[PDB]
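Encoded as structure tokens, the following chain is the form deposited in one PDB entry, with no partner shown.
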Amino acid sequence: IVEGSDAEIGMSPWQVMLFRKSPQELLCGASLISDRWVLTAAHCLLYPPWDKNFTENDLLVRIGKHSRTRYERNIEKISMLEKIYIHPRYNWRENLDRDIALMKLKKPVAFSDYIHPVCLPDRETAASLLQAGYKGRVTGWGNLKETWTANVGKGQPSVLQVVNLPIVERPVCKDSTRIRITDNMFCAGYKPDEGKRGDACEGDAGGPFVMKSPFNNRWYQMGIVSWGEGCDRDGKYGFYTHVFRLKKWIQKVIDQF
């Protein structure tokens, strides 16, 4: 995460580290949405141009984490994966349309001060929260500045980071990139004429974009860290998988196991 503060303890208790087994490596972020389920980006698990395809015994999820130069005993719980569900219409060829995956844990996770699921929006909550100029929140352990090549490297923080980003009007989202955008994604971040900085970067993909309802006090996940061009570039905005448009697919998977 670019231009963020160190996160407080239990500030984002739904935040999940996606981790590789062979070899030991952080791959992506992710979010806790129940005790059996984790919400992540699809491209974190499936990317053919780089011959990337992960099974259940290759990956590992860690919830309730804060640091990274520390294994946090009796605080973080590490879940194994049972099954992986990736959207059939997920376009890895052009724009990352429907960049969304779900992961059922082998065993349920006990909730504590550090582990707690986020809310998924419905129609009414989506209509009152998803507006341009409204600020959401992105979380991750990814790079602090724009990397040269296209993944995780040197420039990591020792602790989970937090940034707040404004939702951006559709036209500006479209005029910011030559890449053909879709309606299953939205864009977020500050404008050149706004003089405040921040963006998600490598290793943050999969993590949540959240918003707090000013009425009911609950945190709702409106977005998933999906893609961008560079990190924190002037006139560029991070694109987040529109979680509500895909709530119909999620409802199907969870209810059908």
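Take the two forms, find the largest set of C-alpha atoms that superpose within 1.5 Å, and that set is the rigid core. Residues that one form lacks are left out of the comparison. Residue positions are given as counts along the sequence shown, with the first one as 1.
Unshown form deposited in another entry; subsequent notes refer to it.
Asker: Among 152, 84, 185, 120, which is the residue that shifts its C-alpha 2 Å or more between the shown form and the other one, core superposed?
Answerer: Only 152 moves by 2 Å or more at its C-alpha.
Asker: On a core-based superposition, does residue 95 travel 2 Å or more at its Cα between the shown form and the other one?
Answerer: True for residue 95: a C-alpha shift of 2 Å or more.
Asker: Classify the change in Cα distance between residue 157 and residue 150 in the other form as closer or farther, relative to the shown form (magnitude of 3 Å or more).
Answerer: Here the pair is farther apart than in the other form; there, closer.
Asker: Given that the CA-CA distance for residue 149 and residue 19 shifts by 3 Å or more in the other form, does it become closer or farther?
Answerer: Farther is correct, given that in the other form the C-alpha spacing of residue 149 to residue 19 is increased by at least 3 Å.
Asker: Note down every stretch of 3+ consecutive residues with C-alpha shifts of 2 Å or more between the shown form and the other one, superposition done on the rigid core, in sequence order.
Answerer: Segments displaced between the shown form and the other one after core fit: 48-51, 93-95, 147-154.
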